[PDB]
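Following: one structure in structure tokens, then a few remarks.
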Amino acid sequence: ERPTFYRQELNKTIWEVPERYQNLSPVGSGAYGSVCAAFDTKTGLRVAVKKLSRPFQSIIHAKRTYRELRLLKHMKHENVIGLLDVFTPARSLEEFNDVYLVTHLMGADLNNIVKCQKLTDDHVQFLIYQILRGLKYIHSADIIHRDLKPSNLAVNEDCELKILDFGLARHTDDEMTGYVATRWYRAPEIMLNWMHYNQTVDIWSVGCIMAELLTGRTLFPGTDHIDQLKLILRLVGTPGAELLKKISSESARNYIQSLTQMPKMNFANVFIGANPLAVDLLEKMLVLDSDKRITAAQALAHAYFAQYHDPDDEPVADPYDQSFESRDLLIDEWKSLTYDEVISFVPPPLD
Ligand SMILES: CCNC(=O)NCc1ccccc1Sc1ccc2nnc(C(C)C)n2c1
């Protein structure tokens with residue numbers, strides 16, 4: 001049956017949501033879009049409710065709405081944000097306009113926990129373990145994050161972590177120019193479009209995050225794309241013959257070769273006093289050639305994680321059908337697909 005919806009005005013927007021969600025309050029200062037913290041009286045959980053803005057304004061935006069809903073519905077992992085609920089006040093497709101997405105509220109992001117501070121090795125262990133556990137699951141569904149950074153990591157009071165914003169196009173709207181955090185975690189092959197990249201772009205990002213948790217400092221705080229590449233190559237060295245063959249962009253390859261060659265720095269000298277196991281894991285993550293980086297699955301089995309690692313509590317995802325990605329549809333066609341996805345949603349069980 002259809003629950004009873006009630007209306008209210010929030011952020012100069014009308015929020016029509018079921019009665020179960022009480023005490024709606026805007027959160028994140030527009031950082032996560034039109035999101036409200038709410039109390040879900042049916043589960044007892046504190047939830048994050050997003051009212052999608054202009055969901056069907058264009059083919060791209062209609063596809064974006066469908067992609068997000070699809071991605072959120074698929075994810076059923078402790079360290080990955082999932083769908084607790086999805087609703088529309090609309091009684092038919094003819095009246096369908098708005099989509100509301102419901103998930104767990106963690107309350108803070110990785111920066112809102114570790115600002116300018118170098119934390120204990122045990123906290124870094126648990127934080128990186130959870131990122132890697134959730135990334136192993138995301139990658140098993142053949143989904144790439146592409147935007148892995150501390151602002152996309154939802155953390156609660158107990159240091160429990162959920163990954164946000166995986167598999168979306170949304171990050172391509174972000175300003176990537178200058179002295180901006182939105183670029184500091186990006187793998188050089190994605191940042192300078194060196195080749196058709198893979199999931200290993202996310203391992204580079206984990207390395208950037210891990211190093212920053214270890215030292216209390218951004219690993220590559222480049223003032224622009226060029227300055228950041230120079231910071232990167234000073235640490236990991238300039239590409240060798242083999243990687244240069246793999247840089248399919250003639251223009252990028254031609255610019256790389258113009259730079260004075262540098263050897264890879266000694267990671268033990270860069271990361272002074274850090275756990276030798278943490279240093280070892282960092283060397284395997286921050287490899288310039290994406291093909292030679294450690295995978296999330298392999299990194300979970302690393303000795304640095306021995307106190308958390310359990311190969312029977314690190315699950316993989318069910319098959320994720322991405323065939324819609326190559327599909328040419330009209331607004332009305334993406335919209336109807338979304339409506340079907342809203343209407344068919346089955347809630348997770350409540351113990
Ligand atoms: C396809 C992947 N999509 C997402 O991860 N979307 C994020 C999202 C969906 C629905 C409602 C809100 C949000 S953003 C969000 C989610 C949980 C959460 N917990 N704490 C925070 C902020 C305030 C630190 N969250 C933000």
Side-chain angles (χ1 to χ4, degrees), residues 79 110 114 118-119 121-140 144-150 152-153 161 163 166 181 183-192 194-195 197-222 228-229 231-240 242-243 246 262-309 314:
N79 303 123
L110 193 77
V114 255
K118 158 176 174 184
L119 235 175
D121 193 50
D122 181 43
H123 281 73
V124 181
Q125 269 180 54
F126 181 56
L127 287 161
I128 313 300
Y129 172 75
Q130 294 180 83
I131 300 158
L132 287 172
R133 183 165 175 266
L135 202 65
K136 185 215 169 165
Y137 182 93
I138 290 160
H139 289 178
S140 70
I144 315 172
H145 199 299
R146 298 176 187 88
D147 194 38
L148 230 206
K149 56 198 186 159
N152 280 162
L153 296 174
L161 181 144
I163 297 157
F166 45 83
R183 204 200 50 253
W184 301 338
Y185 306 90
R186 316 257 289 162
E189 71 267 12
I190 198 159
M191 178 184 80
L192 295 163
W194 283 3
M195 57 196 85
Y197 57 80
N198 53 44
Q199 71 188 33
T200 52
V201 289
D202 295 336
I203 292 297
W204 180 272
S205 305
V206 182
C208 289
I209 290 159
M210 187 172 152
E212 186 177 338
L213 291 187
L214 292 168
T215 61
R217 309 280 150 213
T218 311
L219 188 55
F220 310 113
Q228 188 171 331
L229 180 66
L231 297 177
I232 292 166
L233 310 174
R234 191 168 203 169
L235 184 64
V236 310
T238 56
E242 202 53 61
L243 213 214
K246 308 190 226 184
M262 287 176 293
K264 173 192 177 291
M265 283 174 104
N266 177 353
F267 274 52
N269 266 152
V270 181
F271 310 102
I272 296 295
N275 187 338
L277 293 178
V279 178
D280 184 72
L281 186 56
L282 286 180
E283 299 164 344
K284 305 193 182 167
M285 290 186 300
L286 278 350
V287 189
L288 195 63
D289 188 357
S290 64
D291 292 341
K292 299 187 178 180
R293 276 167 212 163
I294 198 161
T295 74
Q298 297 158 23
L300 282 166
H302 195 277
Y304 185 58
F305 296 122
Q307 73 176 337
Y308 299 97
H309 175 56
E314 284 154 9

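Throughout, numbering of the chain's residues begins at 1 and tracks the sequence. All heavy atoms count here, side chains included; hydrogens, waters and symmetry mates do not.
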Contact list for residues 205-221, test salt bridge (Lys or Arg N to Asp or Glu O under 4.0 Å), sequence neighbours left out: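 Output for this query is empty, none listed.
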Pairs meeting criterion ring-ring contact (aromatic ring centres under 6.0 Å, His included) with involvement of residues 274-301, two or more places apart: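 Those involving residues 274-301 do not exist here.
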Of all heavy-atom pairs between [X] and [Y], which one has the smallest distance, and what is that distance?
X	Y	result
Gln199	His139	O-CE1, 3.2 Å
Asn152	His145	OD1-CE1, 3.8 Å
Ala296	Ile203	N-CD1, 3.7 Å
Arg293	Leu288	NH2-O, 3.0 Å
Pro239	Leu243	CB-CD1, 3.8 Å
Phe220	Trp184	O-CD1, 3.3 Å

From CA spacing to verdict: side-chain contact (heavy atoms from CB on, under 4.5 Å), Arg133, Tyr137: CA-CA 7 Å; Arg133 183 165 175 266; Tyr137 182 93; over 6 Å; no
Looking at [X] and [Y], would you say the former's side chain and the latter's main chain have a donor-acceptor pair under 3.5 Å?
X	Y	answer
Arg183	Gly222	yes
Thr238	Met262	yes
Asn79	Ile131	no

Working for side-chain contact (heavy atoms from CB on, under 4.5 Å), residues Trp204 and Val236: CA-CA 12 Å; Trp204 180 272; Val236 310; 4.2 Å; yes
Is there a side-chain contact between [X] and [Y] in this structure, where contact means two heavy atoms from C-beta onward sitting under 4.5 Å apart?
X	Y	result
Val124	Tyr304	yes
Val279	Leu282	no
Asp280	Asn275	no
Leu214	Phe271	no

Distance in Å, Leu110 CG paired with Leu213 CG, rounded so as to fall on 0.5 Å steps: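 Nearest 0.5 Å value for the CG-CG distance: 5.0 Å.
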Straight-line distance of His302 NE2 to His309 NE2, nearest 0.5 Å: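 Here the interatomic distance stands at 11.5 Å.
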Trace of the side-chain contact (heavy atoms from CB on, under 4.5 Å) decision for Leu219 with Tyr185: CA-CA 8 Å; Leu219 188 55; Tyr185 306 90; over 6 Å; no
Parallel, tilted or perpendicular: rings of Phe305 and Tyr129 (30°, 60°):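 Tilted.
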Within 6.0 angstrom of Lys292 NZ, more than 12 heavy atoms from elsewhere: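 For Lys292, atom NZ is not crowded (no more than 12 foreign heavy atoms under 6.0 Å).
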Chi angles and distances behind the side chain to side chain donor-acceptor pair (under 3.5 Å) call for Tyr197, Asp202: CA-CA 10 Å; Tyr197 57 80; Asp202 295 336; over 6 Å; no
